[PDB]
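Trainee: This is the structure, below, for whatever I ask next.
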Amino acid sequence: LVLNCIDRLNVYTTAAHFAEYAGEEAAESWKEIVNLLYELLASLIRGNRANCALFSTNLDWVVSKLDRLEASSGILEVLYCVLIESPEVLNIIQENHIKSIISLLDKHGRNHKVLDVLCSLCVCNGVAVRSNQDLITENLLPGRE
Amino acid sequence: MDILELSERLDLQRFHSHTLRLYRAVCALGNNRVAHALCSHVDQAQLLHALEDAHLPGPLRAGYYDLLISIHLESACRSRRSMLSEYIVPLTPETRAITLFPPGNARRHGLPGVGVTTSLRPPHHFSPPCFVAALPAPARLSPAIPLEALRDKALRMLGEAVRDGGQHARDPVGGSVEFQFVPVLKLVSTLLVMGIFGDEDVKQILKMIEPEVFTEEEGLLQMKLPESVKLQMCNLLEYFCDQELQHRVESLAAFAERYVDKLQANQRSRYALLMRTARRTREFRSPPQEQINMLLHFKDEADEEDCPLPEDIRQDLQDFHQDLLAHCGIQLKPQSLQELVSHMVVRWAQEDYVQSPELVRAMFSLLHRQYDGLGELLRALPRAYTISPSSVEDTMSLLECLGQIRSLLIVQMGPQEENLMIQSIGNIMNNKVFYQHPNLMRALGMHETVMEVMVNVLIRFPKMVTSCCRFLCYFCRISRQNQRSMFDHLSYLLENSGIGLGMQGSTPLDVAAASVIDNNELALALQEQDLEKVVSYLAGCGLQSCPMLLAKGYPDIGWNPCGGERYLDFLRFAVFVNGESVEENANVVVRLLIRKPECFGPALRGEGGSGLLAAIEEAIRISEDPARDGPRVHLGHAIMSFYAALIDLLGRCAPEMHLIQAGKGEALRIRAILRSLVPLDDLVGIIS
Amino acid sequence: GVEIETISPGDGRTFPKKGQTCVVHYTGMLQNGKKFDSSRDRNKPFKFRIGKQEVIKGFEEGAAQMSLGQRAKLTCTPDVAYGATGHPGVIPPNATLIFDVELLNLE
Amino acid sequence: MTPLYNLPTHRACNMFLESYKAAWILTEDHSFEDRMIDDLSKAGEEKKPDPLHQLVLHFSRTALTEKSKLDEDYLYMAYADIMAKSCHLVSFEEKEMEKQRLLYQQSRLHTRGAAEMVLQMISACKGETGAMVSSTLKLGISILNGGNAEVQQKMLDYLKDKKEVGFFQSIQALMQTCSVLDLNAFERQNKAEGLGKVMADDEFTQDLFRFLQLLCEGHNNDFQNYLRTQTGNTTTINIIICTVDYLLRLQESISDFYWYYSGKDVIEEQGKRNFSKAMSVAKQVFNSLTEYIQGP
Amino acid sequence: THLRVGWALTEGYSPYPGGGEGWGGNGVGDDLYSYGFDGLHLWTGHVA
């Protein structure tokens, strides 16, 4: 139900666009509502392995929203909670996902939480993913920028 | 800007520290290729400068120390640590020269960790980094760094830190005593485990730890330090306790070699004079283990009558037992490691309430080890084994391959690791020692590791699965003890030998079948639960079409003759041993089969269904018609093979003739049931 | 190809011949100025023998034209320096490389 | 039997090592448990806990850690054995001297939370038989021998305040997993020995019922009623009925074993041994029921 | 080894030890107030 609410509220690019259909009095709380929705989703998914494993099917849903200017921190926290718990998501993570996260670093600046996410992508429960380590090395180090 | 400005620019200090954490993450767990790539970014000169930089912030100093350990030492240290639990002692003259106490009932204790050790340990392999060589596969080796210079630098830095700590400077290096000592102690512990330090270096380390006890200034053991430093001191003392245990094992093996030689010479002389009555000749007509049990059964003075050993030899053995107890400190200012460790641990525990559970566990494990030394040796003897000097090169090669396999237990499976595993198995099977010394192989426990690898993969890697299955089949076929060892995991294999056998090669069901062949004891120890599980699998196989065949476009039939045949031959080996029928299992299997009649297939089904001859004729017509056969498996042949296997199994379940003559009611009942199931006329029709 | 810019004159009489082992010090940098490799940091001269495809083509083409004691700049084009694939994690695709090479000894 | 001196040297050395370890090392007796406990129980020069107390708190912490299954730890097994072996070790005067020394040795343990540690470890095992539960039961018997009233009170108070059902669920599962005789297994063994087990966990069953008997020793009516019913708990488990159920299964097995040997005049050694151990278990069960119902 | 010779302007040429433009080690020709010559290159504006 929360996911459906987020998807339906995400179809508007900005508050003014939402105001063109719901009015200004309803638009002044659009950003607050979406931030609360992501905060509740994070509280609902923190620490539950079964719930984090539920995201092994729709990971692109979370990744494609990383570039949104609103609730950027909440969505990043949701991704961090999923990745720190579910090894299946690491087995489903692909190159386009890693390139998207690096572009997140490139566009939103030097944030240590993105670095912690990349660190978490490598090893989970004492087992390392060679493919992830190689893709990160190939797509992050040689640029030297 | 100068990197020292990060002491005030905290945002960049944190970002760079997490960057170093990411470097360790990417090169973690044996990724030597990434370690080489990282060598282009963080070079040796920078690392060495960072080690001696006294103004560096604590987090950066710790990060660079851990980066150096991760890049250069982690893989070698881990492989050596894995190899440290075994004691393969060659019978060389250096081993012969080993004694419990130095020549200079009980004498003064020697220095721990100094002396001659003959236990086999594979050498480390390193490759020089280079980024201009033509780009070429064999696994890459770890980068090489000057170890003698690194160990000298570490010793000098630790000594300087010790002196500064004695001075109690108000500006400790790194901002805190923890940041001053923990990285250095981690580096020293890693180098100690890798065994780089020599005798003089170990003596210097022992002098800094305790200059008064380890004499042939003030120590670390009496200075107030935090829990992390206490933990590193516990790791060091654990290392030296392990070295003492290894020394005891090597001395015991040397004495065993000398005493066995004396025993053989004495027995040869006694037999020589005896050749010139059952009591006199019983010794030489008994198995050698019983012979040596009788020869060594003279410990008590109330049974020293039957022992023919001379009193001088008995005295020699009693003298060695006495000096073994003395070396273990069993009574017949601290001056020994055991008393030093006990005093330090008790003082620490009664001075403050320890909050670190890891530290608490470490100190109580060490205390238990000091108090119980004989039991530790007793539990370590099963992993000790003496080998001939001519098999050293093959044993070292086998240890290298086993180390590679063990290094493959902490990495996600891939095509390259699969190829490495396959070639390692081939190299192991190409070694004569693997067949000459089966007891040593069981003590090494390769089959447990292979089974654990197999369950971790569980089909994505059929070549790997069939390679593991062939290895275990060979292992069972070497000796009966291996077969008995594998029989304990029969249920473990069966629960994973479900649908998805693979249409490739040997399967866990095949290894399980190979683990019970020609063994009456294991056949009689075969549990009924395993047989009900197998019959339940066969029943499931007998009701649905084969999904792989359906995915390959074969015509649909409501059963799987191939899978049913595979379970049938397993029951054939389970019920027929050494040319005779085991009636307990035959009766159980037959009763289960009749309790589940749908296992017999569309034929013999009842309430509609033709006999065996009609089924065979239909199969023949299917074979003669290509459209009904294929879309390589031929359905007509599979069906005939299935019914042939079923009839073979029922025939082998038949009661014995001596039982029929004895008139056993159960035997007559079983034969009557089998006769009712299989008419004679159908048999003659098929034979015709 | 390879361009050679001399920085310090050599002997100018003794050139590398077939089969000889050359021992050199080098520093390898990218065209953007970023340094990626240097043997001087390891404090160990790099040794290789001529004509056995042991190094990238441009490097040995440059070193073949250098005399004993000479210091020179070698420029290597992408078509010979690792080509289109580059070096995973160290050198990006289509990188033109710059080498500061000094020929210390032969055999 | 080729003579020993014709064997290769390394193989003979390996056989020597196995024989030496089997005949000389294990047979040695070394008693250090009392000295170790004495050393750990002394402070020196709110009272911070002494080292033994911190050890017990550490094991209670790992017992209370929320995890699906408790991992095996040799360190805990070793210290549990040491603690159990350090607590037990004719005229009126020395009989009383022995009782007082036993009470002091038990006080050194039960005054540092050992009873609660035992209950927590038993609840943590969740009814899975093994060395962990066997060591815990042995320690509980060691600290409960002589039906110490103070220990009984501490256990009852802890159970009533926690109101946890895991303890009795584990006890019920263990009682349901206790094994009895098996004629099919006996026949299989007879054939195996003819080519040229039965009640393996009898010691575990005996110590389980000895522990239950010691919980009610001394006519503890409060503990007898608590065993019959747990008022404060959400669910109630009747241990008495489970005991009768096991007694019935044992009786039926004994009856079948008697009919099997009734026809034959001679009874072999293995049959006599299995009869003896079955009778010993039945004796322990009868004693436990007697302690359940006395008081009355 | 670094070695350059040339002219510098009083105003603007204040090279401090340590860090600076690009990689540290600023000398003559590393800014627009100085004009150096090292034997092989003409240095100005941190460009050789």
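Letters for chains follow the order of the structure tokens (A, B, ...), residue numbers begin at 1 for each chain, and ligand numbers begin at 1 in the order shown.
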Do a neighbour search on stretch 636-651 of chain B at 8 Å with only C-alpha atoms, toss out local chain neighbours closer than 5 positions, and write the hits as a ChimeraX atom specification.
Mentor: /B:561-562,564-565,568-569,571-572,590,600,612,616,619-620,622-623,629,674
Trainee: Please produce a file of the residues just selected, as a PDB file, in the first residue's frame, where the atoms kept are N, CA, C and O atoms.
Mentor:
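For reference, out-v7.pdb as written:
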```pdb
ATOM      1  N   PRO B 561      10.663 -42.806 -16.607  1.00  0.00           N
ATOM      2  CA  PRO B 561      11.391 -44.078 -16.511  1.00  0.00           C
ATOM      3  C   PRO B 561      12.860 -43.920 -16.177  1.00  0.00           C
ATOM      4  O   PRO B 561      13.414 -44.769 -15.472  1.00  0.00           O
ATOM      5  N   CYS B 562      13.509 -42.849 -16.634  1.00  0.00           N
ATOM      6  CA  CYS B 562      14.934 -42.692 -16.369  1.00  0.00           C
ATOM      7  C   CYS B 562      15.192 -42.493 -14.880  1.00  0.00           C
ATOM      8  O   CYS B 562      16.035 -43.179 -14.283  1.00  0.00           O
ATOM      9  N   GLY B 564      13.155 -43.312 -12.459  1.00  0.00           N
ATOM     10  CA  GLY B 564      12.760 -44.488 -11.713  1.00  0.00           C
ATOM     11  C   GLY B 564      13.832 -45.556 -11.803  1.00  0.00           C
ATOM     12  O   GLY B 564      14.107 -46.257 -10.828  1.00  0.00           O
ATOM     13  N   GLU B 565      14.478 -45.670 -12.968  1.00  0.00           N
ATOM     14  CA  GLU B 565      15.547 -46.646 -13.125  1.00  0.00           C
ATOM     15  C   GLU B 565      16.717 -46.296 -12.220  1.00  0.00           C
ATOM     16  O   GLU B 565      17.363 -47.182 -11.637  1.00  0.00           O
ATOM     17  N   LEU B 568      15.916 -47.385  -8.900  1.00  0.00           N
ATOM     18  CA  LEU B 568      15.825 -48.839  -8.841  1.00  0.00           C
ATOM     19  C   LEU B 568      17.196 -49.475  -8.689  1.00  0.00           C
ATOM     20  O   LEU B 568      17.354 -50.438  -7.932  1.00  0.00           O
ATOM     21  N   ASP B 569      18.201 -48.964  -9.398  1.00  0.00           N
ATOM     22  CA  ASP B 569      19.508 -49.607  -9.280  1.00  0.00           C
ATOM     23  C   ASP B 569      20.126 -49.329  -7.916  1.00  0.00           C
ATOM     24  O   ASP B 569      20.870 -50.162  -7.378  1.00  0.00           O
ATOM     25  N   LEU B 571      18.303 -49.199  -5.123  1.00  0.00           N
ATOM     26  CA  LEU B 571      17.720 -50.222  -4.261  1.00  0.00           C
ATOM     27  C   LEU B 571      18.285 -51.603  -4.570  1.00  0.00           C
ATOM     28  O   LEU B 571      18.372 -52.451  -3.676  1.00  0.00           O
ATOM     29  N   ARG B 572      18.705 -51.836  -5.815  1.00  0.00           N
ATOM     30  CA  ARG B 572      19.328 -53.111  -6.152  1.00  0.00           C
ATOM     31  C   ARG B 572      20.628 -53.302  -5.387  1.00  0.00           C
ATOM     32  O   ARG B 572      20.896 -54.383  -4.845  1.00  0.00           O
ATOM     33  N   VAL B 590      10.110 -54.522  -0.218  1.00  0.00           N
ATOM     34  CA  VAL B 590       8.969 -55.127  -0.897  1.00  0.00           C
ATOM     35  C   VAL B 590       7.664 -54.675  -0.256  1.00  0.00           C
ATOM     36  O   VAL B 590       6.688 -54.374  -0.955  1.00  0.00           O
ATOM     37  N   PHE B 600       4.885 -48.904  -9.780  1.00  0.00           N
ATOM     38  CA  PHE B 600       5.136 -49.882 -10.827  1.00  0.00           C
ATOM     39  C   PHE B 600       4.814 -49.373 -12.224  1.00  0.00           C
ATOM     40  O   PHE B 600       4.992 -50.120 -13.192  1.00  0.00           O
ATOM     41  N   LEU B 612       3.168 -57.005 -18.946  1.00  0.00           N
ATOM     42  CA  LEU B 612       4.534 -56.666 -19.330  1.00  0.00           C
ATOM     43  C   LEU B 612       4.781 -56.921 -20.810  1.00  0.00           C
ATOM     44  O   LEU B 612       5.431 -56.114 -21.483  1.00  0.00           O
ATOM     45  N   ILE B 616       5.934 -54.121 -23.533  1.00  0.00           N
ATOM     46  CA  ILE B 616       7.142 -54.247 -24.342  1.00  0.00           C
ATOM     47  C   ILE B 616       6.814 -54.155 -25.826  1.00  0.00           C
ATOM     48  O   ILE B 616       7.544 -53.517 -26.593  1.00  0.00           O
ATOM     49  N   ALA B 619       6.260 -50.627 -26.630  1.00  0.00           N
ATOM     50  CA  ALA B 619       7.525 -49.901 -26.667  1.00  0.00           C
ATOM     51  C   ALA B 619       8.265 -50.183 -27.964  1.00  0.00           C
ATOM     52  O   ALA B 619       8.917 -49.297 -28.526  1.00  0.00           O
ATOM     53  N   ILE B 620       8.186 -51.423 -28.443  1.00  0.00           N
ATOM     54  CA  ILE B 620       8.825 -51.784 -29.703  1.00  0.00           C
ATOM     55  C   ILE B 620       8.204 -51.008 -30.853  1.00  0.00           C
ATOM     56  O   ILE B 620       8.907 -50.505 -31.740  1.00  0.00           O
ATOM     57  N   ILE B 622       6.763 -48.131 -30.598  1.00  0.00           N
ATOM     58  CA  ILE B 622       7.220 -46.753 -30.442  1.00  0.00           C
ATOM     59  C   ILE B 622       8.620 -46.599 -31.017  1.00  0.00           C
ATOM     60  O   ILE B 622       8.921 -45.617 -31.706  1.00  0.00           O
ATOM     61  N   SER B 623       9.498 -47.562 -30.742  1.00  0.00           N
ATOM     62  CA  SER B 623      10.862 -47.471 -31.246  1.00  0.00           C
ATOM     63  C   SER B 623      10.866 -47.507 -32.766  1.00  0.00           C
ATOM     64  O   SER B 623      11.635 -46.789 -33.415  1.00  0.00           O
ATOM     65  N   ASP B 629       9.034 -41.491 -30.838  1.00  0.00           N
ATOM     66  CA  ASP B 629      10.249 -41.730 -30.066  1.00  0.00           C
ATOM     67  C   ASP B 629      10.978 -40.440 -29.710  1.00  0.00           C
ATOM     68  O   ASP B 629      11.200 -40.157 -28.530  1.00  0.00           O
ATOM     69  N   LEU B 674       5.374 -62.270  -4.808  1.00  0.00           N
ATOM     70  CA  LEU B 674       6.137 -62.025  -6.028  1.00  0.00           C
ATOM     71  C   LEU B 674       5.568 -62.820  -7.195  1.00  0.00           C
ATOM     72  O   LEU B 674       5.477 -62.314  -8.323  1.00  0.00           O
TER      73      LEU B 674
END
```
Trainee: Go through stretch 396-594 of chain B and collect every residue that DSSP, computed from the backbone, puts in alpha helix (DSSP H); the answer should be as a ChimeraX atom specification.
Mentor: /B:396-407,415-429,433-436,438-444,446-457,462-478,480-487,490-496,508-514,520-524,528-541,547-551,561-575,583-594
Trainee: Taking only stretch 325-568 of chain B into account, list the residues labelled strand (DSSP E) by DSSP (computed from the backbone), as a list in words.
Mentor: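 Matching residues, listed in order: residues 384, 385, 386 and 387 of chain B.
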Trainee: Okay, now the selection with C-alpha atoms, as a short mmCIF file (atom, residue, chain, number, x, y, z; two decimals), in the first residue's frame?
Mentor:
```cif
data_model
loop_
_atom_site.label_atom_id
_atom_site.label_comp_id
_atom_site.auth_asym_id
_atom_site.auth_seq_id
_atom_site.Cartn_x
_atom_site.Cartn_y
_atom_site.Cartn_z
CA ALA B 384 49.88 -35.67 14.10
CA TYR B 385 51.38 -37.94 11.44
CA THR B 386 54.93 -39.01 10.57
CA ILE B 387 55.97 -39.52 6.94
#
```
Trainee: Any idea what's packed within 12 Å of residue A:94, counting only C-alpha atoms, ignoring anything in its chain fewer than 2 positions away? Could you give it as a PyMOL selection string?
Mentor: chain A and resi 59-60+63+89-92+96-101+121+129+131-136
Trainee: Quick check: residues of chain D within 8 Å of chain B, only C-alpha atoms, returned as an NGL selection string.
Mentor: :D and (1-5 or 9-17 or 19-21 or 23-26 or 30 or 32 or 36 or 40 or 43-44 or 48-51 or 54-55 or 58 or 75 or 188-189 or 191-192 or 195)
Trainee: Write the selection just made, keeping C-alpha atoms, as a compact mmCIF listing (two decimals), in the first residue's frame?
Mentor:
```txt
# COMPACT_ATOMS: atom_id res chain seq x y z
CA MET D 1 50.99 -62.25 11.46
CA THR D 2 54.15 -60.71 9.85
CA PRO D 3 56.41 -59.57 12.77
CA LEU D 4 56.51 -55.96 13.88
CA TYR D 5 60.20 -55.52 13.02
CA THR D 9 59.49 -47.36 10.40
CA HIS D 10 57.04 -44.47 9.94
CA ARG D 11 53.97 -46.73 10.13
CA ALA D 12 55.33 -48.44 13.23
CA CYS D 13 55.95 -45.03 14.78
CA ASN D 14 52.35 -44.01 14.08
CA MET D 15 51.10 -47.19 15.73
CA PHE D 16 53.41 -46.51 18.66
CA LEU D 17 51.98 -43.01 19.07
CA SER D 19 49.22 -47.03 21.56
CA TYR D 20 51.14 -44.65 23.81
CA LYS D 21 48.33 -42.11 23.81
CA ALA D 23 47.63 -46.55 27.32
CA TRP D 24 49.64 -43.83 29.12
CA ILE D 25 48.35 -40.28 28.58
CA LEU D 26 44.60 -40.59 29.17
CA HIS D 30 45.38 -34.62 37.28
CA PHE D 32 43.11 -29.03 39.12
CA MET D 36 41.39 -23.24 39.61
CA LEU D 40 39.29 -17.49 40.37
CA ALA D 43 39.55 -10.76 44.90
CA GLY D 44 42.56 -8.67 45.90
CA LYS D 48 32.62 -5.09 41.04
CA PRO D 49 32.16 -8.80 40.21
CA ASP D 50 35.05 -11.20 40.68
CA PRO D 51 36.41 -13.12 37.67
CA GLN D 54 32.14 -12.16 35.21
CA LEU D 55 32.54 -15.55 33.52
CA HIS D 58 29.31 -13.70 30.06
CA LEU D 75 34.96 -23.36 26.04
CA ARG D 188 20.66 -56.25 13.16
CA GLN D 189 23.49 -55.94 15.67
CA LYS D 191 23.88 -60.32 12.55
CA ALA D 192 26.59 -57.67 12.31
CA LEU D 195 29.51 -61.53 10.22
```
Trainee: Counting only C-alpha atoms, which residues of chain C come no farther than 12 Å from chain A, as number ranges by chain?
Mentor: C: 30, 32-36, 85-93, 95
Trainee: Report as a tab-separated table: every residue of chain E with an atom at most 12 Å from chain C, its closest pair of atoms, and their distance in Å to one decimal, counting only C-alpha atoms, with rows sorted by chain and ascending residue number.
Mentor:
```
residue	atom	partner	partner_atom	distance
E:22	CA	C:33	CA	9.9
E:23	CA	C:34	CA	10.1
E:38	CA	C:7	CA	11.4
E:39	CA	C:7	CA	9.6
E:40	CA	C:7	CA	7.9
E:41	CA	C:7	CA	10.8
E:47	CA	C:33	CA	11.5
E:48	CA	C:33	CA	11.9
```
Trainee: What does the structure give for the distance between atom CA of residue C:107 and atom CA of residue C:71, in Å to one decimal?
Mentor: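 Straight-line distance from atom CA of residue C:107 to atom CA of residue C:71 works out to 18.3 Å.
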Trainee: Could you list, as number ranges by chain, every residue of chain B that has an atom within 8 Å of an atom of chain C, counting only C-alpha atoms?
Mentor: B: 34, 37, 40-41, 43-45, 131-135
Trainee: Up to 9 Å from chain B, what residues of chain E turn up? Count only C-alpha atoms and give them as a list in words.
Mentor: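 Output check: residues 18, 19, 20, 23 and 24 of chain E.
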Trainee: Report the closest atom pair, with its distance in Å rounded to one decimal, for each residue of chain A that has an atom no farther than 8 Å from chain B; count only C-alpha atoms, sort by chain and then rising residue number, and write it as a tab-separated table.
Mentor:
```
residue	atom	partner	partner_atom	distance
A:110	CA	B:15	CA	7.3
A:111	CA	B:15	CA	7.5
A:112	CA	B:15	CA	5.8
A:115	CA	B:18	CA	6.6
A:116	CA	B:18	CA	7.3
A:118	CA	B:22	CA	7.2
A:119	CA	B:22	CA	5.3
A:122	CA	B:25	CA	6.4
A:123	CA	B:25	CA	7.4
A:126	CA	B:410	CA	7.0
A:127	CA	B:410	CA	5.3
A:128	CA	B:411	CA	5.6
A:129	CA	B:412	CA	5.8
A:130	CA	B:412	CA	7.2
A:133	CA	B:26	CA	5.3
A:134	CA	B:34	CA	7.5
A:136	CA	B:26	CA	7.7
A:137	CA	B:34	CA	7.3
```
Trainee: What's the 12 Å shell around residue A:17, counting only C-alpha atoms, without same-chain residues fewer than 6 positions away, as a ChimeraX atom specification?
Mentor: /A:9-11,23-24,26-28,30
Trainee: Just the number, please: distance in Å from atom CA of residue B:147 to atom CA of residue B:214, one decimal.
Mentor: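 Rounded to one decimal, the two atoms are 25.8 Å apart.
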Trainee: Considering only C-alpha atoms, return as a CSV table (one decimal) with N, CA and C atoms, in the first residue's frame whatever protein or nucleic-acid residues lie within 9 Å of stretch 150-157 of chain B, sequence-local ones (same chain, fewer than 6 positions apart) excluded.
Mentor:
```csv
chain,number,residue,atom,x,y,z
B,48,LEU,N,55.3,3.4,3.3
B,48,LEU,CA,56.3,3.4,4.3
B,48,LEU,C,56.4,4.8,4.9
B,51,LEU,N,53.8,5.1,7.6
B,51,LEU,CA,54.0,4.3,8.8
B,51,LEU,C,54.8,5.1,9.8
B,52,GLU,N,55.8,5.9,9.3
B,52,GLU,CA,56.6,6.7,10.2
B,52,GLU,C,56.1,8.1,10.4
B,184,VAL,N,50.7,-1.1,15.3
B,184,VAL,CA,52.0,-1.7,15.4
B,184,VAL,C,51.8,-3.2,15.9
B,187,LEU,N,50.6,-5.3,13.1
B,187,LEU,CA,51.6,-5.7,12.2
B,187,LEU,C,52.6,-6.7,12.7
B,188,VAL,N,53.0,-6.6,14.0
B,188,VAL,CA,53.9,-7.5,14.5
B,188,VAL,C,53.3,-8.9,14.6
B,191,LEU,N,53.2,-10.5,11.2
B,191,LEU,CA,54.5,-11.0,10.7
B,191,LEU,C,55.0,-12.2,11.5
B,196,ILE,N,58.2,-14.6,9.6
B,196,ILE,CA,59.3,-13.9,9.1
B,196,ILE,C,60.4,-13.7,10.1
B,197,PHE,N,60.0,-13.4,11.4
B,197,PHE,CA,61.0,-13.1,12.4
B,197,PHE,C,61.9,-14.3,12.7
B,201,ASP,N,65.2,-11.8,16.5
B,201,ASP,CA,64.0,-10.9,16.6
B,201,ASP,C,63.0,-11.4,17.6
B,204,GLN,N,64.2,-10.4,21.0
B,204,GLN,CA,64.0,-9.0,21.3
B,204,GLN,C,62.5,-8.7,21.6
B,205,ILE,N,61.6,-9.3,20.9
B,205,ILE,CA,60.2,-9.1,21.2
B,205,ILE,C,59.9,-9.6,22.6
```
